[PDB]
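Everything below concerns the one structure shown next.
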Ligand SMILES: [Mg+2]
């Protein structure tokens, strides 16, 4: 009974016609008086249909280059499916029917079965391409992760970037590869049984390459704005459809298994049906098993229970863990005490802030809502992600912060990867990578200069516009072969296999999970019909024997995994053990 708003017949942009008849070009403009399409250098006047809709059909095929001409001004297509020359250039006509998919026996992945592995295509490999990423898939499969989480792919200006400056949401960023290269990466992942998720940005457009207002200023509103751009007007149906058509393209046409929606608190909409709800309806209409996740700091269960999203990146856990290990207190970290009792509480509640006052200076308000409705998989936990690394002045990883030992780092992994919540890892985390993940960009002219100036002011700090900042963020695949990188990787492999194989850790019910502390020792207990597991993590700087930890139940006897491989039930400083 929900009916999609989308029909291929009326799709905006350039869409191949059936029967080899060519391509249908369509646009919406509220303000242009003359409207043409320029195809391979030749200008053709478009037909006015009313409602500001203009259309033309021509016998050109996939590969043809085009843009629109509005009152004589050549303007890129916001609906471009590929931009080989970047965001200020001609689009290419793409035919999604030509790729030979081999993934008919893949049927998606459930959230409760996800262990996400966050990839930035530009830094993940030396080449920085989909094709090179695809060659690392067997390594990821064997590692034991189950879903790749790809940072945004929408085209942005410059030769590198995180992806949050995406401006042409439908056009995969050309330096990473052509559309068929992205398709090949997803097909390969599926043939190995890995899911693939995409980070999409529906709260703002980047600062170069967004020509929507040239067509219709009413895509946007001055009613509100984000930190990152003018407000997207979700009261305007064409704006709603820009994002819901984009979501449907990634899932249907690229075979992604789900989307991660960036910064959902800033998708402001006062409409009767919120855009988040309509996104869920539109993706569900595809008749698959695709998932939607929200990156949302509000601790708002309604994203799941009302908007019908599948889960939420819920960072109170991350923050609590980092403050436990470092004691830091700048910015949002001032919201957390850290320590074993604090971490026991945040896990017990899923998130910490359920309506209590958030006292962080400049941000004060009553934050969050009761978490009771949410089940364990609905919470996506991490100890590292692109932001929690890259937002730091030097982009350092958790094991690289002052005062953090590799033992502590390995204990944190054990906690994350034995919890029933849905875990996410950042690329290279699993080998305790030596490289930072720094903020980098490559904007032109004055915008580029302002990025460099802005970064300098907000916090020596690496210049985001320098090539070296990008290169310094590249993964070094050699280093995992040896030393402590290899030892950390063996632990991650061991944790990921237990997560997959242990019949008690299969639990995904908060009803079966309890937590507590004794001094600086955290305990996390799971009890199901299959048995009992307890993770104990010594967050002190002394040694603690498991036998002397005071617990309100009888500790299990059998050692399943010790993060430092010890034979006896004793925890050196920062170490963890799983018993059963
Ligand atoms: Mg074929």
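Numbering (the entry's author numbering), first residue to last: 14 to 472, 482 to 602.
Heads up, the beta-carbon is just placed ideally off N, CA and C, and yes, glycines get one too.
Query	Result
Can residue 113 be considered in contact with ligand 1, in the sense that its beta carbon sits closer than 7 Å to one or more heavy atoms?	yes
What residue range does the alpha helix (DSSP H) around residue 254 cover?	250-261
Could I get the ranges of all uninterrupted beta strand (DSSP E) runs contained in the segment 376-442, with 3 residues as the minimum, in chain order?	378-381, 392-395, 435-439
Using only the heavy atoms of ligand 2, determine whether one of them is closer than 7 Å to the beta carbon of residue 492.	No copy of ligand 2 appears in this structure; the ligands present are ligand 1.
For a quick check, are the C-beta atoms of residue 143 and residue 190 less than 8 Å apart?	yes
Bridge partners of residue 325, per DSSP?	307, 392
Which whole-angstrom value is the C-beta distance of residue 249 and residue 277, which I expect to be below 8 Å?	19 Å between Cβ atoms; not a contact.
Going by beta carbon distance, what residues of the same chain come within less than 6 Å of residue 243, once the five residues before and after it are set aside?	233
Counting along the chain, where does the beta strand (DSSP E) carrying residue 539 start and finish?	535-540
So, for residue 380: in the same chain, excluding its five sequence neighbours on each side, which residues have a beta-carbon less than 6 Å away from its beta-carbon?	366, 371
How big is the Cα-Cα spacing for residue 581 and residue 546?	15 Å
Look at the alpha carbon of residue 454 and the alpha carbon of residue 135, and state the distance between them as a whole number of angstroms.	11 Å
Determine the burial state of residue 444: buried for a count of at least 16 other Cβ atoms within 10 Å of its Cβ, exposed for fewer.	buried
At the level of alpha carbons, what is the spacing between residue 36 and residue 100?	21 Å
Looking only at its chain, what residues have a beta carbon closer than 6 Å to the beta carbon of residue 61, apart from the 5 residues adjacent to it on each side?	67
Please confirm if the segment 225-241 is in contact with the segment 81-98, defined as three or more CB-CB distances below 8 Å between the two stretches.	yes
So, for residue 204: in the same chain, excluding its five sequence neighbours on each side, which residues have a beta-carbon less than 7 Å away from its beta-carbon?	115, 116
With DSSP run on the structure shown, which of helix, strand or coil describes residue 122?	coil
Quick one: what's got a C-beta closer than 7 Å to residue 201's C-beta in the same chain, skipping five residues either side?	147, 150
Cα-Cα, which of 472, 166, 539, 571 is closest to residue 408?	472
Quick one: what does DSSP say residue 192 is sitting in, helix, strand or coil?	helix
Which ranges does the alpha helix (DSSP H) cover as unbroken runs of at least 4 residues, wholly within the segment 202-243, from first to last along the chain?	225-228
Can you tell me the Cβ-Cβ gap for residue 600 and residue 573, rounded? I've got them flagged as a contact below 8 Å.	Residue 600 to residue 573, Cβ: 15 Å. No contact.
List the endpoints of the continuous alpha helix (DSSP H) containing residue 465.	458-471
Out of 496, 464, 470, which one is the CA nearest neighbour of residue 486?	464
Are the beta-carbon atoms belonging to residue 145 and residue 207 less than 8 Å from one another?	no
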